[PDB]
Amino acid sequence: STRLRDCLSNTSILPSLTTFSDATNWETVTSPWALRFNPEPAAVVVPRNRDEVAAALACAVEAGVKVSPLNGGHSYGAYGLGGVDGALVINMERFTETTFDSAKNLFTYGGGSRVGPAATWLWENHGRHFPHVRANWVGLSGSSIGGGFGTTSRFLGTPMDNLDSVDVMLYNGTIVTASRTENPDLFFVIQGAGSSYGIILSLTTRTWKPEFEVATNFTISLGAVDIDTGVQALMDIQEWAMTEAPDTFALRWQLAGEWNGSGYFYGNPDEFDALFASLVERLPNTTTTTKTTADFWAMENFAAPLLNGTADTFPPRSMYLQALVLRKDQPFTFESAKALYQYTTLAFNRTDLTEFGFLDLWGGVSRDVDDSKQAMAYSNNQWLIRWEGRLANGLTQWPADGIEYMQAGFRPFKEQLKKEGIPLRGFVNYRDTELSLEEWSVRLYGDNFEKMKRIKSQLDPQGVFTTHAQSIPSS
C-alpha cells in the first residue's frame, strides 16, 4: 500500500478524508448496502474539488490500481466500492452543487448527489421535477448511468435520457463535457455503462413543471382468485395499457403479493375516474379499488418516502435480484405470464428467504427510443419484471443455495420466452450479478456491445475504470 499512501499523502486531500485499512473508520466507510457482498478497496478518499479528483486519479495511475467512484452506495452488486477487491474508491459525497438555468429550464447537480436532496431542492426552489428512481437516497450518478425508471417515466422518459449533458473526468485527469452533440461516443457509453469510462463530476437534466397541482394514486385488488383468473386479469390490464392508457399513468402489478396493483396518474385529476373505469372493465367481479389525491410534491413523497428527509428509507439488505424486460412487439402471453406466476410466487416456499417482486408497466414514450443512440438497449420496452429473494429477518448468512432457488423459479418464464422466440433482455440498474458476460452484455446492450468495447479501448486504454464484474472490456 506504500506507494498509493505516499502519493495520496502528497496531494491536498485531507488526511482525515484519506482512509486505508488502518483507519479508525475503515469498516464504516467500506460497508456495502448490498450485504451479500463485501469488496475490499485499496483505499477510500473524499475529494473536495475537481482538482482533488484528478490528483486521486493520478495516484491510482502511478500505483497501477483501478478506480471506482462511489455515489449513493445502492448498487445491487456493491459496484461503487469496486465490485472486485483492490480499487481506489473516490467517494463523491461532497459534489452536491445545485443550480438552475431558468432560460433553458435545465437543472445542474453535482456528481455525488442523491435523489431526494436534489429533487427536494428543485421542487422547493423552482416547482419542477425530473424523472428519478423510486427511492430517496439512491445516487443520481449511479442510477442515471443505468437508465433508471420512475413513476413519471412513461411520459417523461428515464433519468438517463432526461440528461442533457454531463461533465466527465477521464482516466488522465482530462475533463470533457459529453452530450448528444459533444463527445458523443462518451455520452453514448455514459448512457448505460458510465462507471467503465470516467468520473462524472456534474450532470445537467431537463426538467418538467407539472401541469396540474394535484396527482392521483390508486390500488387494485382482485381478491381470492385462481391462477388462470389472475393471469387473464394481467392480460386484460396489458391490453388496456397498450391501447387505451395515456402516457401519464404509472402502474405496478405485484409478482410477490399478488393479485394486486397500484399506480399513479399525472394527467388532469378530473379525467382519472373515466380512465380508471376503463381499466377495471374486464377485471373479475371480486375486484375492489381505492383512489386518493394529493398535491404533486406530497405525492412524490408518498411514492418515495423521505425524499425531503435526512436518511435512507431502505437499510442495507442481503438479497439477490433478477430482472427482465419485455417490449411492445412481444409482450406477455397467457402462457408466459402463467409460467412466471406459477413457478415464482405461487411456488415460493422458504423459511430463510422472503420473496419480493413486481411488474412495472413501461411503454409510453419508450416508443421514441432508438437503441442506436445510446449504449443501453431499451427501445419500446413495455414491462420491467423484477424477481428478488431477501434474507429473512434475524439471519446474517446468505444461504449457499439461495441463488439457485431464486433462479429455478424464474426459469420456466425464460423457457417460455425462448419457446416464443422472444429475446432475453435486461435493465441495467437491475443488475443480475450471477450472469455471465455472454448473458449480461447482450441482455443490457443488445448489439451495441462491440461499439462500447471500441469506445473503451479509445477512452480508457489502460483500463483504469475496469472494476466490477459487469465492466465493459476493451475491444
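Numbers follow the displayed sequence, beginning with 1.
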{"item": "Of 8-16 and 455-463, the stretch whose C-alpha atoms average the higher B-factor in the entry", "value": "8-16"}
{"item": "Of 153-161 and 305-313, the stretch whose C-alpha atoms average the higher B-factor in the entry", "value": "305-313"}
{"item": "Highest recorded Cα temperature factor - choice among 128, 386, 104, 327", "value": "104"}
{"item": "Highest-ranked of 97, 185, 281, 368 once sorted by CA temperature factor in the record", "value": "281"}
{"item": "Residue 210 - which third its CA temperature factor falls in, relative to the rest of the chain", "value": "highest"}
{"item": "Chain-wide C-alpha B factor ranking for residue 426, given as lowest, middle or highest third", "value": "lowest"}
{"item": "Position of residue 93 among the chain's modelled residues by C-alpha B-factor, lowest, middle or highest third", "value": "middle"}
{"item": "Third of the chain's Cα B-factor distribution that residue 380 belongs to, per the entry", "value": "lowest"}
{"item": "For residue 31, the third of its chain into which the C-alpha B factor falls", "value": "highest"}
